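What follows is a set of notes on a single structure, which appears directly below.
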Amino acid sequence: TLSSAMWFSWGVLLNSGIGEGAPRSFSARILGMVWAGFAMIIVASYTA
Amino acid sequence: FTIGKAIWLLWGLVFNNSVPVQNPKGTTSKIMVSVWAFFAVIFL
């Protein structure tokens with residue numbers, strides 16, 4: 001999961017429906033979780 | 001196969017991700033549809 005993971009993360013950066021896989025561990029869970037958190041906090045900060 | 005769903009997919013991309021779309025086709029065009037979504041996230 002090298003190409004699909006980067007595709008999913010970089011789509012999440014743009015809040016896009018790119019990347020449909022789910023985390024295979026709670027560690028990947030929290031990692032993608034905080035990544036998406038920072039992504040949307042940045043987009044909210046910029047719109048404001 | 002894509003000439004019809006293209007309008008729905010692309011307007012969903014530039015507008016809001018409120019409806020699921022059958023987007024994965026020609027994975028190299030995903031760059032184009034993502035910058036499309038970038039247009040969305042700046043325009044809104």
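Within each chain, counting starts at residue 1; across the structure tokens, chains are named A, B, ... in the order shown, with ligands numbered 1 upward in that order.
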
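The list of chain B residues within 8 Å of chain A is residues 13, 17, 20, 23, 24, 30, 34, 37, 38, 41 and 42 of chain B; this uses only C-alpha atoms.
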
Can those selected residues be exported to a file as an mmCIF file, in the first residue's frame so that it contains N, CA and C atoms?
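Saved the output as selection-v1.cif:
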data_model
loop_
_atom_site.group_PDB
_atom_site.id
_atom_site.type_symbol
_atom_site.label_atom_id
_atom_site.label_comp_id
_atom_site.auth_asym_id
_atom_site.auth_seq_id
_atom_site.Cartn_x
_atom_site.Cartn_y
_atom_site.Cartn_z
ATOM 1 N N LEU B 13 -17.111 17.090 -7.855
ATOM 2 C CA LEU B 13 -15.767 17.440 -7.407
ATOM 3 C C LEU B 13 -15.640 18.938 -7.149
ATOM 4 N N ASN B 17 -18.675 17.223 -1.891
ATOM 5 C CA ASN B 17 -18.629 15.763 -1.864
ATOM 6 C C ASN B 17 -19.798 15.241 -1.028
ATOM 7 N N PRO B 20 -21.682 10.095 -3.343
ATOM 8 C CA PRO B 20 -20.589 9.234 -3.808
ATOM 9 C C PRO B 20 -20.572 9.161 -5.326
ATOM 10 N N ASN B 23 -15.533 7.597 -9.258
ATOM 11 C CA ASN B 23 -14.415 8.377 -9.775
ATOM 12 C C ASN B 23 -13.204 7.584 -10.279
ATOM 13 N N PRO B 24 -12.856 6.383 -9.743
ATOM 14 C CA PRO B 24 -11.543 5.832 -10.096
ATOM 15 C C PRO B 24 -11.534 5.204 -11.480
ATOM 16 N N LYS B 30 -6.396 11.260 -12.015
ATOM 17 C CA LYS B 30 -6.713 11.633 -10.642
ATOM 18 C C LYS B 30 -6.009 12.921 -10.239
ATOM 19 N N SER B 34 -8.055 16.065 -8.910
ATOM 20 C CA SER B 34 -7.699 16.626 -7.614
ATOM 21 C C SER B 34 -7.447 18.124 -7.707
ATOM 22 N N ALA B 37 -10.704 19.562 -7.645
ATOM 23 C CA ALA B 37 -11.173 19.730 -6.272
ATOM 24 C C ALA B 37 -10.492 20.907 -5.579
ATOM 25 N N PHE B 38 -9.259 21.222 -5.971
ATOM 26 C CA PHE B 38 -8.590 22.401 -5.428
ATOM 27 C C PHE B 38 -9.299 23.678 -5.866
ATOM 28 N N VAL B 41 -12.217 23.920 -3.560
ATOM 29 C CA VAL B 41 -11.963 24.333 -2.186
ATOM 30 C C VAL B 41 -11.495 25.773 -2.092
ATOM 31 N N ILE B 42 -11.050 26.367 -3.193
ATOM 32 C CA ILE B 42 -10.787 27.803 -3.157
ATOM 33 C C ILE B 42 -12.032 28.608 -3.524
#

### Message
Give me the residues near residue 21 in chain B as a list in words, where near means some atom within 8 Å (using only C-alpha atoms) and where sequence neighbours in that chain fewer than 5 positions away do not count.
### Response
residues 8, 9 and 12 of chain B

### Query
Do you know which residues are at most 9 Å from residue 15 in chain B counting only C-alpha atoms, after dropping those on the same chain fewer than 4 positions away, and could you put them as a ChimeraX atom specification?
/B:10-11,37,40-41,43-44

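The space between CA of residue 33 in chain B and CA of residue 14 in chain B spans 8.9 Å.
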
### Message
Please identify the alpha helix (DSSP H) residues within chain A (assignment by DSSP from backbone atoms) and present them as a PyMOL selection string.
### Response
chain A and resi 3-13+26-47

Please produce a file of the residues just selected, as a short mmCIF file (atom, residue, chain, number, x, y, z; two decimals), in the first residue's frame, where the atoms kept are N, CA and C atoms.
data_model
loop_
_atom_site.label_atom_id
_atom_site.label_comp_id
_atom_site.auth_asym_id
_atom_site.auth_seq_id
_atom_site.Cartn_x
_atom_site.Cartn_y
_atom_site.Cartn_z
N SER A 3 1.35 3.32 -3.27
CA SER A 3 0.74 4.30 -4.17
C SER A 3 -0.67 4.67 -3.73
N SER A 4 -1.48 3.66 -3.37
CA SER A 4 -2.85 3.93 -2.95
C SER A 4 -2.89 4.76 -1.67
N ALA A 5 -1.93 4.56 -0.78
CA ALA A 5 -1.93 5.31 0.47
C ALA A 5 -1.60 6.78 0.23
N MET A 6 -0.57 7.06 -0.58
CA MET A 6 -0.26 8.45 -0.88
C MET A 6 -1.38 9.11 -1.67
N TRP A 7 -2.01 8.37 -2.58
CA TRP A 7 -3.15 8.93 -3.31
C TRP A 7 -4.27 9.30 -2.35
N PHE A 8 -4.59 8.40 -1.41
CA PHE A 8 -5.66 8.67 -0.46
C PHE A 8 -5.33 9.87 0.42
N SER A 9 -4.09 9.94 0.91
CA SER A 9 -3.70 11.04 1.79
C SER A 9 -3.74 12.38 1.05
N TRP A 10 -3.24 12.40 -0.19
CA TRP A 10 -3.22 13.64 -0.94
C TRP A 10 -4.60 14.04 -1.45
N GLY A 11 -5.52 13.09 -1.62
CA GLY A 11 -6.91 13.45 -1.83
C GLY A 11 -7.57 13.99 -0.57
N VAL A 12 -7.23 13.42 0.59
CA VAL A 12 -7.75 13.93 1.86
C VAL A 12 -7.27 15.35 2.10
N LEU A 13 -6.05 15.66 1.67
CA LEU A 13 -5.57 17.04 1.73
C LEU A 13 -6.54 17.99 1.04
N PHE A 26 -4.79 0.27 14.45
CA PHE A 26 -5.18 1.50 15.14
C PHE A 26 -4.12 2.58 15.02
N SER A 27 -2.88 2.19 14.72
CA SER A 27 -1.80 3.16 14.59
C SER A 27 -1.94 3.92 13.28
N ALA A 28 -2.16 3.19 12.19
CA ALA A 28 -2.52 3.83 10.93
C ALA A 28 -3.81 4.63 11.08
N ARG A 29 -4.75 4.11 11.87
CA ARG A 29 -5.99 4.81 12.18
C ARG A 29 -5.69 6.20 12.73
N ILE A 30 -4.98 6.27 13.86
CA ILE A 30 -4.66 7.56 14.45
C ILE A 30 -3.78 8.42 13.54
N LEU A 31 -2.90 7.81 12.75
CA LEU A 31 -2.01 8.58 11.88
C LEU A 31 -2.78 9.31 10.78
N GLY A 32 -3.59 8.58 10.03
CA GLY A 32 -4.47 9.21 9.06
C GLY A 32 -5.47 10.14 9.72
N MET A 33 -5.88 9.82 10.94
CA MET A 33 -6.79 10.68 11.69
C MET A 33 -6.19 12.06 11.90
N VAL A 34 -4.98 12.11 12.46
CA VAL A 34 -4.36 13.40 12.73
C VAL A 34 -3.97 14.09 11.44
N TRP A 35 -3.63 13.32 10.40
CA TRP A 35 -3.35 13.93 9.10
C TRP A 35 -4.57 14.67 8.57
N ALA A 36 -5.73 14.01 8.57
CA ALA A 36 -6.94 14.66 8.10
C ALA A 36 -7.32 15.83 9.01
N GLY A 37 -7.06 15.69 10.31
CA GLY A 37 -7.34 16.79 11.22
C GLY A 37 -6.56 18.04 10.86
N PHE A 38 -5.26 17.89 10.64
CA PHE A 38 -4.46 19.03 10.23
C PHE A 38 -4.88 19.53 8.85
N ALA A 39 -5.28 18.63 7.96
CA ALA A 39 -5.70 19.06 6.62
C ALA A 39 -6.91 20.00 6.71
N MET A 40 -7.94 19.58 7.42
CA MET A 40 -9.12 20.42 7.49
C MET A 40 -8.91 21.65 8.36
N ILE A 41 -8.06 21.56 9.39
CA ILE A 41 -7.82 22.77 10.17
C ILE A 41 -7.10 23.80 9.31
N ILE A 42 -6.21 23.35 8.43
CA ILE A 42 -5.53 24.27 7.53
C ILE A 42 -6.52 24.88 6.55
N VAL A 43 -7.44 24.07 6.02
CA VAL A 43 -8.37 24.62 5.04
C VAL A 43 -9.33 25.60 5.71
N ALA A 44 -9.78 25.29 6.93
CA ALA A 44 -10.61 26.24 7.67
C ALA A 44 -9.86 27.53 7.96
N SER A 45 -8.59 27.41 8.40
CA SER A 45 -7.78 28.59 8.68
C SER A 45 -7.66 29.45 7.41
N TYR A 46 -7.60 28.82 6.23
CA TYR A 46 -7.37 29.63 5.02
C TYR A 46 -8.58 30.24 4.51
N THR A 47 -9.69 29.54 4.67
CA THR A 47 -10.92 30.18 4.26
C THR A 47 -11.19 31.37 5.15
#

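From CA of residue 2 in chain A back to CA of residue 5 in chain B, the distance works out to 28.6 Å.
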